[PDB]
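*Asks:* Pasting in a structure now, in structure tokens, and then I'll have a few things to ask.
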Amino acid sequence: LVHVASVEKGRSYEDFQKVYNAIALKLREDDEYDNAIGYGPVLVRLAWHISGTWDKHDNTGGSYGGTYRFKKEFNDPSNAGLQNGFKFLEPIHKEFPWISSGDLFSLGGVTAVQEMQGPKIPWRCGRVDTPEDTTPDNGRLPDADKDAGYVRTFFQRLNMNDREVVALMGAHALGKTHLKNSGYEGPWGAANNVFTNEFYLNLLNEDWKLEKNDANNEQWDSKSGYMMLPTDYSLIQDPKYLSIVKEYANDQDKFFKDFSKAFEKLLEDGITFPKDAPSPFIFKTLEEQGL
Ligand code: HEM
């Protein structure tokens with residue numbers, strides 16, 4: 001399987017910037033969502049989920065084909081709760097109907113990070129919608145009740161090394177778990193809709209208590225009212241993971257740079273970009289445009 005990226009006929013950067021600005025204006029406006037957390041977090045998660053189905057072995061899955069749009073994928077249990085991000089994006093697509101799906105889902109993730117004060121994430125257009133039959137089967141997304149070994153193994157299928165995994169994970173500073181969706185309940189920290197290294201700090205600074213929740217699953221609870229999934233916790237149990245955690249706990253810039261790089265890679269997995277494809281775009285935030 002080869003997935004060549006193909007630019008939406010006749011579109012340029014300015015075309016993309018507009019889709020970006022629309023998402024952003026919308027994020028700004030719909031701030032009541034999930035108790036005033038806003039849709040940032042969920043869009044970030046969505047871009048990760050349409051992208052995490054990839055399989056470096058056979059090149060199936062990944063962001064390319066925008067298959068989330070199909071029932072099989074859309075209804076994946078691991079996907080519970082993502083429908084709200086989709087719904088957020090729907091009208092945007094209606095306004096900009098020539099954008100491919102995979103392009104839109106993934107751009108929402110970039111927009112979300114950047115508008116939530118994260119680092120700039122270069123992004124590339126060119127994703128093409130594929131047929132319903134290219135929809136990966138459910139079961140490719142990772143479980144949360146596991147450990148570092150599982151985590152390592154898992155991310156390996158997506159070609160991510162330890163450093164990439166710890167970087168990516170710091171996105172857990174955003175949003176929160178919801179019982180009805182995954183069987184976990186609680187936020188990982190305090191500034192849940194602003195992008196910072198908070199995740200590492202909490203994991204290193206709080207006094208976590210293992211407990212079972214109402215769904216009868218285990219989670220690490222903190223006095224401050226925070227939580228950590230077993231997979232989150234596993235990062236301090238592993239020697240290799242732990243020192244990277246420490247590093248991010250100490251240097252938010254390092255964290256941002258590594259995150260940026262890992263995130264793009266994650267969203268660009270499985271796609272082939274011809275030599276004549278345009279360079280990646282770096283979008284301006286609203287604020288940079290004075291809007
Ligand atoms: C070990 C791998 C992963 C595990 C098992 C996992 C598990 C989870 C779970 C259980 C949820 C909460 C769902 C809910 O009840 O609404 C969650 C939410 C979240 N995930 Fe992860 N995750 C992992 C990887 C990632 C990564 C790589 C990213 C992005 C880079 C991501 C970004 C987020 C975001 C921002 C949310 C909050 C969503 C919201 O507030 O609705 N997670 N993840």
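Here, A, B, ... name the chains of the structure tokens in the order displayed, residue numbers run from 1 inside each chain, and ligands are numbered from 1 in the same displayed order.
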Per residue of chain A within 7 Å of ligand 1, record the nearest atom pair and its distance in Å to one decimal, counting only C-alpha atoms and all ligand atoms, with rows in chain order and ascending residue number, as CSV.
*Replies:*
```
residue,atom,partner,partner_atom_place_in_ligand_line,distance
A:41,CA,ligand 1,35 (C),4.3
A:42,CA,ligand 1,41 (O),4.2
A:44,CA,ligand 1,35 (C),5.1
A:45,CA,ligand 1,32 (C),4.4
A:48,CA,ligand 1,29 (C),5.4
A:81,CA,ligand 1,16 (O),5.7
A:142,CA,ligand 1,5 (C),5.0
A:143,CA,ligand 1,5 (C),4.8
A:144,CA,ligand 1,5 (C),3.8
A:151,CA,ligand 1,1 (C),5.8
A:168,CA,ligand 1,30 (C),4.5
A:169,CA,ligand 1,27 (C),5.1
A:171,CA,ligand 1,29 (C),5.0
A:172,CA,ligand 1,33 (C),5.2
A:174,CA,ligand 1,35 (C),4.7
A:175,CA,ligand 1,40 (O),3.1
A:176,CA,ligand 1,40 (O),4.1
A:177,CA,ligand 1,15 (O),3.7
A:178,CA,ligand 1,15 (O),3.5
A:179,CA,ligand 1,15 (O),5.5
A:180,CA,ligand 1,15 (O),6.6
A:181,CA,ligand 1,15 (O),4.1
A:182,CA,ligand 1,15 (O),4.0
A:183,CA,ligand 1,15 (O),6.5
A:184,CA,ligand 1,15 (O),5.9
A:185,CA,ligand 1,15 (O),6.8
A:231,CA,ligand 1,1 (C),5.5
A:232,CA,ligand 1,1 (C),6.9
A:263,CA,ligand 1,30 (C),6.6
```
*Asks:* Need the shell around residue A:66: protein/DNA/RNA residues with any atom at most 7 Å away, counting only C-alpha atoms. Skip same-chain ones fewer than 4 positions apart. Format as a PyMOL selection string?
*Replies:* chain A and resi 101-102+129-130
*Asks:* Would you list the contacts of stretch 208-214 of chain A as JSON, numbers by chain, taking every protein, DNA or RNA residue within 12 Å and counting only C-alpha atoms, but skipping same-chain residues closer than 4 positions in sequence?
*Replies:* {"A": [145, 177, 178, 179, 180, 182, 183, 184, 185, 186, 188, 202, 203, 204, 218, 219, 220, 221, 222, 223, 224, 225, 226, 227, 228, 229, 230, 232, 233, 236]}
*Asks:* Produce a file of the selected residues containing N, CA and C atoms, as a PDB file, in the first residue's frame.
*Replies:*
```pdb
ATOM      1  N   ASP A 145      -5.383  -0.044  30.848  1.00  0.00           N
ATOM      2  CA  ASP A 145      -5.053  -0.742  32.075  1.00  0.00           C
ATOM      3  C   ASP A 145      -3.799  -1.564  31.949  1.00  0.00           C
ATOM      4  N   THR A 177     -10.729  12.352  31.710  1.00  0.00           N
ATOM      5  CA  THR A 177     -11.366  11.104  31.312  1.00  0.00           C
ATOM      6  C   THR A 177     -12.800  11.229  31.711  1.00  0.00           C
ATOM      7  N   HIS A 178     -13.672  10.463  31.082  1.00  0.00           N
ATOM      8  CA  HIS A 178     -15.057  10.526  31.403  1.00  0.00           C
ATOM      9  C   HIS A 178     -15.559   9.140  31.494  1.00  0.00           C
ATOM     10  N   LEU A 179     -16.123   8.907  32.640  1.00  0.00           N
ATOM     11  CA  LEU A 179     -16.633   7.612  32.940  1.00  0.00           C
ATOM     12  C   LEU A 179     -17.440   6.880  31.923  1.00  0.00           C
ATOM     13  N   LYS A 180     -18.397   7.599  31.354  1.00  0.00           N
ATOM     14  CA  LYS A 180     -19.304   7.086  30.367  1.00  0.00           C
ATOM     15  C   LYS A 180     -18.617   6.700  29.074  1.00  0.00           C
ATOM     16  N   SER A 182     -14.827   6.178  28.710  1.00  0.00           N
ATOM     17  CA  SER A 182     -13.870   5.102  28.821  1.00  0.00           C
ATOM     18  C   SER A 182     -13.872   4.267  30.075  1.00  0.00           C
ATOM     19  N   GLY A 183     -14.665   4.596  31.072  1.00  0.00           N
ATOM     20  CA  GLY A 183     -14.577   3.796  32.274  1.00  0.00           C
ATOM     21  C   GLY A 183     -13.561   4.381  33.265  1.00  0.00           C
ATOM     22  N   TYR A 184     -13.106   5.638  33.059  1.00  0.00           N
ATOM     23  CA  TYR A 184     -12.158   6.381  33.904  1.00  0.00           C
ATOM     24  C   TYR A 184     -12.756   7.726  34.161  1.00  0.00           C
ATOM     25  N   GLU A 185     -12.505   8.251  35.328  1.00  0.00           N
ATOM     26  CA  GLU A 185     -13.082   9.523  35.599  1.00  0.00           C
ATOM     27  C   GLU A 185     -12.147  10.492  36.251  1.00  0.00           C
ATOM     28  N   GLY A 186     -12.018  11.709  35.705  1.00  0.00           N
ATOM     29  CA  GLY A 186     -11.148  12.736  36.283  1.00  0.00           C
ATOM     30  C   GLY A 186     -10.161  13.372  35.315  1.00  0.00           C
ATOM     31  N   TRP A 188      -6.262  15.236  34.596  1.00  0.00           N
ATOM     32  CA  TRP A 188      -4.895  14.895  34.976  1.00  0.00           C
ATOM     33  C   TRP A 188      -4.201  16.061  35.663  1.00  0.00           C
ATOM     34  N   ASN A 202       2.841  16.831  37.584  1.00  0.00           N
ATOM     35  CA  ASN A 202       1.948  16.105  38.449  1.00  0.00           C
ATOM     36  C   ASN A 202       2.359  14.669  38.688  1.00  0.00           C
ATOM     37  N   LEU A 203       2.785  14.048  37.627  1.00  0.00           N
ATOM     38  CA  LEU A 203       3.176  12.701  37.795  1.00  0.00           C
ATOM     39  C   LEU A 203       4.376  12.665  38.724  1.00  0.00           C
ATOM     40  N   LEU A 204       5.295  13.632  38.670  1.00  0.00           N
ATOM     41  CA  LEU A 204       6.385  13.504  39.602  1.00  0.00           C
ATOM     42  C   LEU A 204       6.114  14.039  41.020  1.00  0.00           C
ATOM     43  N   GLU A 218      -9.071   0.246  37.750  1.00  0.00           N
ATOM     44  CA  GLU A 218      -8.152   0.933  38.605  1.00  0.00           C
ATOM     45  C   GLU A 218      -7.590   2.181  38.002  1.00  0.00           C
ATOM     46  N   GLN A 219      -7.336   3.127  38.882  1.00  0.00           N
ATOM     47  CA  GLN A 219      -6.720   4.386  38.566  1.00  0.00           C
ATOM     48  C   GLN A 219      -6.018   4.917  39.796  1.00  0.00           C
ATOM     49  N   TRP A 220      -5.012   5.747  39.540  1.00  0.00           N
ATOM     50  CA  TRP A 220      -4.174   6.427  40.516  1.00  0.00           C
ATOM     51  C   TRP A 220      -4.845   7.761  40.756  1.00  0.00           C
ATOM     52  N   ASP A 221      -5.220   7.992  42.003  1.00  0.00           N
ATOM     53  CA  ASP A 221      -5.883   9.194  42.459  1.00  0.00           C
ATOM     54  C   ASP A 221      -4.990   9.991  43.348  1.00  0.00           C
ATOM     55  N   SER A 222      -5.107  11.300  43.191  1.00  0.00           N
ATOM     56  CA  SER A 222      -4.304  12.191  43.976  1.00  0.00           C
ATOM     57  C   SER A 222      -5.216  13.030  44.855  1.00  0.00           C
ATOM     58  N   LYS A 223      -4.619  13.528  45.937  1.00  0.00           N
ATOM     59  CA  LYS A 223      -5.296  14.367  46.900  1.00  0.00           C
ATOM     60  C   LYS A 223      -5.792  15.644  46.267  1.00  0.00           C
ATOM     61  N   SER A 224      -4.994  16.169  45.330  1.00  0.00           N
ATOM     62  CA  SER A 224      -5.359  17.393  44.641  1.00  0.00           C
ATOM     63  C   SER A 224      -6.605  17.235  43.798  1.00  0.00           C
ATOM     64  N   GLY A 225      -7.050  15.999  43.661  1.00  0.00           N
ATOM     65  CA  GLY A 225      -8.233  15.705  42.871  1.00  0.00           C
ATOM     66  C   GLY A 225      -7.918  15.252  41.445  1.00  0.00           C
ATOM     67  N   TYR A 226      -6.657  14.890  41.177  1.00  0.00           N
ATOM     68  CA  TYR A 226      -6.254  14.454  39.856  1.00  0.00           C
ATOM     69  C   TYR A 226      -6.209  12.943  39.773  1.00  0.00           C
ATOM     70  N   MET A 227      -6.023  12.462  38.540  1.00  0.00           N
ATOM     71  CA  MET A 227      -5.932  11.055  38.244  1.00  0.00           C
ATOM     72  C   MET A 227      -4.881  10.786  37.165  1.00  0.00           C
ATOM     73  N   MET A 228      -4.497   9.518  37.089  1.00  0.00           N
ATOM     74  CA  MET A 228      -3.541   9.012  36.123  1.00  0.00           C
ATOM     75  C   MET A 228      -3.954   7.618  35.750  1.00  0.00           C
ATOM     76  N   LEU A 229      -3.949   7.321  34.474  1.00  0.00           N
ATOM     77  CA  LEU A 229      -4.291   5.980  34.069  1.00  0.00           C
ATOM     78  C   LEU A 229      -3.088   5.096  34.372  1.00  0.00           C
ATOM     79  N   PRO A 230      -3.287   3.809  34.434  1.00  0.00           N
ATOM     80  CA  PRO A 230      -2.195   2.866  34.672  1.00  0.00           C
ATOM     81  C   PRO A 230      -1.091   3.067  33.643  1.00  0.00           C
ATOM     82  N   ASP A 232      -0.497   5.888  32.156  1.00  0.00           N
ATOM     83  CA  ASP A 232       0.218   7.125  32.460  1.00  0.00           C
ATOM     84  C   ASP A 232       1.213   6.842  33.549  1.00  0.00           C
ATOM     85  N   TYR A 233       0.751   6.205  34.598  1.00  0.00           N
ATOM     86  CA  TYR A 233       1.603   5.870  35.716  1.00  0.00           C
ATOM     87  C   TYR A 233       2.878   5.056  35.387  1.00  0.00           C
ATOM     88  N   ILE A 236       6.532   6.214  35.161  1.00  0.00           N
ATOM     89  CA  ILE A 236       7.446   6.509  36.257  1.00  0.00           C
ATOM     90  C   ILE A 236       7.965   5.234  36.815  1.00  0.00           C
TER      91      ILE A 236
END
```
*Asks:* Running DSSP on the backbone, which parts of stretch 43-81 of chain A land in alpha helix (DSSP H), as a list in words?
*Replies:*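 Here are the alpha helix (DSSP H) residues of stretch 43-81 of chain A: residues 43, 44, 45, 46, 47, 48, 49, 50, 51, 71, 72, 73 and 74 of chain A.
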*Asks:* Go through stretch 80-183 of chain A residue by residue and, counting only C-alpha atoms, keep those with an atom at most 8 Å from stretch 280-285 of chain A; for each kept residue give the shortest atom pair and its distance in Å to one decimal, ordered by chain and increasing number, as CSV.
*Replies:*
```
residue,atom,partner,partner_atom,distance
A:114,CA,A:285,CA,6.8
A:115,CA,A:285,CA,6.4
A:120,CA,A:282,CA,6.8
A:121,CA,A:282,CA,6.6
A:122,CA,A:282,CA,4.7
A:123,CA,A:280,CA,5.2
A:124,CA,A:280,CA,4.7
A:125,CA,A:280,CA,7.8
```
*Asks:* Please measure the separation of atom CA of residue A:105 and atom CA of residue A:8, giving the value in Å to one decimal.
*Replies:*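 If I compute the distance from atom CA of residue A:105 to atom CA of residue A:8, I get 15.0 Å.
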*Asks:* Rounded to one decimal place, report the atom CA of residue A:192-atom CA of residue A:267 distance in Å.
*Replies:*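 Interatomic distance here is 22.6 Å.
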